[PDB]
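Remarks on the overall topology
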Amino acid sequence: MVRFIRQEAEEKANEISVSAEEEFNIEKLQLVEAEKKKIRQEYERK
Amino acid sequence: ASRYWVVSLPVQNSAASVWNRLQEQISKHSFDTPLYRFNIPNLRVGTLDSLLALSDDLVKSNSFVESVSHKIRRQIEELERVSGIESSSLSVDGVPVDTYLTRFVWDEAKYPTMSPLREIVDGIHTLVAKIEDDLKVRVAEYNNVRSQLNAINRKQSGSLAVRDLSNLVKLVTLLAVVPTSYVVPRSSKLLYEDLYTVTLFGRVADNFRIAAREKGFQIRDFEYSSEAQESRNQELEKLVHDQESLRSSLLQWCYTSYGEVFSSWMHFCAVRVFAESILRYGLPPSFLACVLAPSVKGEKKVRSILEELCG
Amino acid sequence: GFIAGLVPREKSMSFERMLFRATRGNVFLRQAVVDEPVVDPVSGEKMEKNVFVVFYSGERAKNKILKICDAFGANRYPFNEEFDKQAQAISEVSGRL
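Conventions used here
- All residue numbers are counted from 1 along each chain's written sequence and may depart from the entry's numbering; residues that have no coordinates are not represented.
- Working convention: letters from A go to chains and numbers from 1 go to ligands, in the order in which they are written.
- Scope of values: limited to the chains shown, which are part of a larger assembly.
- The side-chain figures draw on all heavy atoms in the structure; neither hydrogens nor water molecules are used.
- Residues with missing side-chain atoms are left out of burial classes, side-chain pairs and their counts.
- Secondary structure follows DSSP: runs of H or I at least 4 residues long count as helices, runs of E at least 2 residues long count as strands, and numbering of each begins at the N terminus.
- We compute the radius of gyration from the C-alpha atoms alone; for a globule the expected value is 2.2 Å times N to the 0.38, where N is the number of residues.
- Note on contacts: a residue pair qualifies if any of its non-hydrogen atoms lie within 4.5 Å across the two residues.
- As a rule, the C-alpha atoms of each element are fitted with a line to give its axis, helices using only the stretch in contact, and angles between N-to-C directions run from 0 to 180 degrees.
- If an angle is under 35 degrees, it is roughly parallel; if it is over 145, roughly antiparallel; if it lies from 65 to 115, roughly perpendicular; otherwise it is oblique.
- Two helices that cross are described as forming a left-handed crossing if the nearer one is turned anticlockwise from the farther one by less than a right angle, and a right-handed crossing if clockwise.
- Each residue receives one of three labels: charged for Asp, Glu, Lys and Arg, nonpolar for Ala, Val, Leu, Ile, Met, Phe, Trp, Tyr, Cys and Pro, and polar for the others, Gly being one of them.

Per the deposited record, the coordinates in this entry were obtained by cryo-EM to a resolution of 4.2 Å.

Structure (C-alpha cells):
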C-alpha cells in the first residue's frame with residue numbers, strides 16, 4: 001500500500017534517470033554527428 | 001435524469017457478501033436487484049496524487065454531474081422531442097443503462113487516458129469540459145430558434161392591428177374600418193375583407209378620411225405593402241423551419257449529448273469508485289462493485305449486505 | 001508525508017468522522033492521554049485536548065488533514081524526526097513558560 005506508493009515514487013525517479021540517459025544518448029549522437037561535420041569541414045579545408 | 005446510485009464497494013468487500021457474489025447470485029440480487037458492474041484496471045497503479053486529486057475534485061464531479069443532468073433535462077423539455085431517448089436508445093457504453101454499468105469497455109484509452117489514475121482524472125476533467133460545449137451549443141441554438149420563431153408568424157391573420165396587409169384589397173388605403181357621398185367617385189367597395197370596406201375615393205381626401213378614421217370605426221394598421229405580408233409569410237416559414245430544426249435535429253443532438261453525458265457520468269462514477277476502493281483496499285486498480293437503481297428497501301438491503309465495509 | 005499535529009480528546013469522534021476516506025485504513029493517529037486539560041496555544045484557561053500524529057498520503061489529503069488539525073485548536077507543535085529533539089524542545093518550552 002504505502003510502501004507500494006513509495007516504490008512507485010522511487011521508480012518515477014528512476015524513470016526520470018532513464019529518460020535523462022536516453023536524452024543524453026541522443027544528444028551524444030547529435031554531438032558526434034556535429035563532430036563528424038566539423039571533421040569533414042577541417043578535412044576538406046586541409 | 002437518474003442521480004448517481006452506485007454504492008462505493010471495494011474489490012475485497014464488494015456489494016454482496018462475496019466479491020464474486022456481486023456479479024451474480026448477490027444477496028441484493030435476492031431482492032431482484034440488477035446490480036452488476038465491473039471496472040477495467042488502469043495500466044499502472046495510481047499514486048497518492050491520484051487519490052488526492054479525486055478527493056479534491058469530488059465536488060467538481062458533483063458540479064459537472066449537476067450541470068449535465070440540468071442541461072439534459074432542459075434540452076428534453078424545451079425541444080419537447082428529445083425525451084424519446086431510453087436507456088437502450090441512449091446506448092451508454094453501447095448498452096442499456098443497466099448493462100452500461102456492467103460494461104467497462106468504455107474505460108479504454110479512447111475516452112479515458114488509460115494511464116495511471118492521475119492522468120485518468122485529467123481525462124475525465126477534459127471530457128467534462130468538452131461536454132460543457134454541448135450545453136453551450138444547446139443554449140445558443142435555443143436562443144437562435146426562439147428569436148426566429150417569435151420573429152414571424154407572431155402577428156395577426158389580417159384585417160387587424162398587425163399583419164393586415166395579407167387581407168388587403170389587393171385612391172384606396174389599408175384601413176379595414178371595424179366597428180361618404182361627395183363629388184369623388186364614392187361608388188366603390190374595396191376587397192379588404194377578412195372587416196369591411198366603405199365607400200371612398202382618392203379624388204377627395206375628405207371622403208377617404210371619413211370612410212377610414214374620421215368618425216365611428218377606426219382604420220386598422222397594416223404592413224405597408226402586400227410584399228411586406230409575403231416577406232412576413234416567408235420569414236414565418238423560415239422560423240418554423242428553424243424551430244423544427246431545434247425541436248427535431250437539435251433535439252436529436254441534445255439526446256446524443258445526454259447519452260454522452262450519461263456515459264461521462266458513469267466513467268466519473270467508476271473513477272470515484274476506484275478511488276474509494278483504493279482508499280478501502282489495495283492501491284492498484286481492482287474493483288468488484290456493482291451499480292443499479294433499486295428502491296429504498298433495496299438500498300436498505302444493499303446496506304445490510306455491505307455493512308461489512310461501510311463509510 | 002508528515003501529518004504531525006494534535007487531535008483533541010473531546011473532539012476525537014469529530015476528527016475520526018471527518019476525512020475518514022483520507023485515512024484509508026493505513027493511517028493511525030496516536031492520540032495523547034490528555035488526562036489533564038492541555039493548555040491551548042492561545043487560551044490560558046486550557047482545555048481537554050489531546051495530541052495525535054497521523055500519516056499523510058496525497059497532497060489534497062495532507063492539506064485537508066492540516067486544515068482539520070488547525071480547526072481543531074488542540075495543543076499542537078511540530079514533531080521532530082528524532083524523538084530526543086522533540087523532548088528537548090518540550091523541556092525548553094516548559095522552562096520558558
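1. Examining the overall build of chain C
Regarding its fold elements, chain C presents four helices and two strands. Helices (α) and strands (β) of chain C occur, in sequence order from the N terminus, as β-α-α-β-α-α. Here chain C has a C-alpha radius of gyration of 14 Å; the compact-globule value for 97 residues is 13 Å, and the two agree. Its C-alpha atoms give chain C principal-axis dimensions of about 40 × 30 × 20 Å. The contacts in chain C between residues at least 6 apart in sequence include a share of 67% that link residues at least 24 apart.

2. Quick word on the overall build of chain A
When helices and strands are tallied, chain A shows one helix and zero strands. Taken along the three principal axes of its C-alpha coordinates, chain A extends 65 × 5 × 5 Å.

3. Some remarks on the packing of helix 1 (residues 48–79) of chain B against helix 6 (residues 226–280) of chain B
All names here are of chain B. Axis separation between helix 1 and helix 6 bottoms out at 9 Å; the angle between their running directions is 160°. By the angle class used here, helix 1 and helix 6 are roughly antiparallel. Remark: the crossing between helix 1 and helix 6 carries left-handed chirality. Side by side, helix 1 and helix 6 meet where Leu 54, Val 68, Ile 72, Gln 75 and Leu 79 of the first sit next to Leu 246, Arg 247, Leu 251, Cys 254, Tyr 258, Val 261 and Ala 275 of the second. For the contact of helix 1 with helix 6, the per-class residue count stands at ten nonpolar, one polar and one charged.

4. A closer look at the interface of chain B and chain C
Across the boundary between the two partners, chain B contributes four residues, which contact eight residues of chain C. If you tally residues by element for the side of chain B that touches chain C, the top one is helix 1 of chain B, at three residues. Partitioned by chemical class, the residues of the side of chain B that touches chain C number three nonpolar, no polar and one charged.

5. Some remarks on the environment of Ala 211 of chain B
Residue and element names in this part refer to chain B. Looking at where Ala 211 falls in the secondary structure, it is placed in helix 5 (residues 205–214). Sequence spacing of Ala 211 and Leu 200 is eleven residues, and the spatial spacing of their C-alpha atoms is 6.0 Å. When residues no more than four places from it in sequence are discounted, the contact partners of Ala 211 are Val 177, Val 198, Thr 199 and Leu 200.

6. A short note on the arrangement of the chains
With no contact between them, chain A and chain B keep their nearest C-alpha atoms 6 Å apart. Across all C-alpha pairs, the smallest distance from chain A to chain C is 8 Å, and the two are not in contact.

7. Side note on unusual backbone geometry
Residue and element names in this part refer to chain B. Here the phi dihedral of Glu 80 falls at roughly 65°; this positive angle occurs in a residue that is not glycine. Relative to the helices and strands, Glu 80 resides in the loop between helix 1 and helix 2 (87–90). Positive phi outside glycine occurs at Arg 163, with the angle close to 55°. Among the secondary structure elements, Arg 163 is positioned in the loop between helix 4 (117–151) and helix 5.

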